[PDB]
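Notes for the one structure printed next.
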Amino acid sequence: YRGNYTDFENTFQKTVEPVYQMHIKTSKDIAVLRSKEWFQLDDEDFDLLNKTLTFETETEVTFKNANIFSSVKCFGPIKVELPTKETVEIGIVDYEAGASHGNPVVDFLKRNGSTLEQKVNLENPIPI
Amino acid sequence: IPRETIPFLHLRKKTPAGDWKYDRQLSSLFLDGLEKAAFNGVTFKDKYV
Amino acid sequence: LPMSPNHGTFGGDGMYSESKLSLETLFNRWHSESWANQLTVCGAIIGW
Amino acid sequence: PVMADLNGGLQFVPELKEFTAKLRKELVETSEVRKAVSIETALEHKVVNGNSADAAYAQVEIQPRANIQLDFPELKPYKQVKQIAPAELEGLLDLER
């Protein structure tokens, strides 16, 4: 819709994020994850070492202005891969902020994770 | 010096076997010397180093 | 003589250890040669 | 000949090489962990607050400029400068001499 719109009470942005993966290889990776108050395991004493966590997150954002969010809210299950490849829920993301300039959960998962599928470019585009 | 305890600073005596073992008597002279030095101090008057 | 307790224990010190070990010959050489009146030997195994 | 051990009992520690390597590795892992957790809480904080709630922390510093004085003598109050001289001095000297 072309125009001048200032009705920021009605704006929102309910995203379903791409599934992010982390291979937890070191003890440093475990200590970084535990630092994040949003990483809320059902069992606090779960052994994360040499586990593949998957993050199935939804990000609900309301606005105050065009530049800052009034309310951020990333949530959704944290799944571990079993030795049978069958993922089972072992925790939840449960982030919930007010006035923010971004969503740290997805940013944190982008830098430290992977999307299950990587676009690999050819050396040179082939004209079809 | 506790019996059957080697102090942190100790001298050693060469054994007839040829090997240097802790000696309590020498290590006493040494440590009494250090205690005297630590209280009264030690002079090096007329010593060329 | 500045002596060491560690003879090749840590490693990567070039010829430090065969320098400091070889000074320990002077403890026998004092009885065996003819300088025992001019020099006395006082090894100090210097710690950490 | 006198052999003195000033080693501080360090000879009674077995495998001193392995033992000191272990102590360094147990400090380095602990320092490196906390650095990686500090870097991730600094990035989280950056993302959530952008650089708008991080601009309030930065303060203006005053760098000095040379202010070259002529170092004139510091004149005391008359009471302080009446003490150093005897009372009899006042009106004794010919100040043209």
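Tabulate in residue order the Karplus-calculated ³J(HN,Hα) for the range D:92-97, using 6.51 cos²θ - 1.76 cosθ + 1.60 with θ = phi - 60°, rounded to whole Hz; enter x for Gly and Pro.
Karplus-based 3J(HN,Hα) across the range D:92-97 equals 8, 6, 8, 6, 8, 10 Hz.
Which entries in A:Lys51/D:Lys35; B:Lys13/C:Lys20; A:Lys85/D:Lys22; B:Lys36/D:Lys22; B:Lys13/D:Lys22 show an alpha-carbon gap greater than 28 Å?
Beyond 28 Å: A:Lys85/D:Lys22; B:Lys36/D:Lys22; B:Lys13/D:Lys22.
Residue by residue through the range D:8-13, which ³J(HN,Hα) values in whole Hz follow from phi under the Karplus form 6.51 cos²θ - 1.76 cosθ + 1.60 (θ = phi - 60°), with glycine and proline marked x?
Here the 3J(HN,Hα) series is x, x, 4, 6, 8, 7 Hz.
Looking at the range D:1-95 from every direction and averaging, what is the projected area of its Cα convex hull in nm²?
22.9
If packing is taken as the average count of other Cβ atoms within 10 Å, what order do B:18-31, D:67-80 fall into, highest mean first? Mind showing how you got there, number by number?
Working: B:18-31: 13.7, D:67-80: 6.4.
Descending mean neighbour count gives B:18-31, D:67-80.
Okay, helix-only estimate at 222 nm for chain A: each DSSP H run of n ≥ 4 adds -39500 (n - 2.57), divide by all residues, round to 500 deg cm²/dmol; what do you get?
-3500 deg cm²/dmol, from helical runs alone.
Cα to Cα, under 14 Å, and not fewer than 8 places away if on the same chain: which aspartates and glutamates meet these conditions relative to D:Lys17?
Excluding near neighbours in sequence, the set is C:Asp13.
Could you pull out every residue, at least 5 positions away or on a different chain, whose amide H is within less than 5 Å of the one on A:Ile92? Hs are placed 1.01 Å off N in the peptide plane, and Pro or chain starts have none.
Residues meeting the criterion, in which the H sits 1.01 Å from N, are A:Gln40, A:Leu41, A:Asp42, A:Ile78.
Cut-off under 19 Å on the C-alpha distance; same-chain residues fewer than 8 positions from D:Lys76 excluded. Which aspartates and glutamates are left, in chain and number order?
Straight-distance partners of D:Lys76: D:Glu90.
From the Cα gyration tensor of the protein assembly as shown, with a ≥ b ≥ c the square roots of its eigenvalues, which class applies: rounded if a/c is under 1.5, or else prolate if a/b is larger than b/c, or else oblate?
It is oblate, given that a/c is not under 1.5 and a/b is not larger than b/c.
Note that we place each Cβ from the backbone using ideal geometry, even for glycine, and neighbour counts take in every protein chain shown. Each value in this text was obtained by applying a stated rule to the coordinates, not by laboratory testing.
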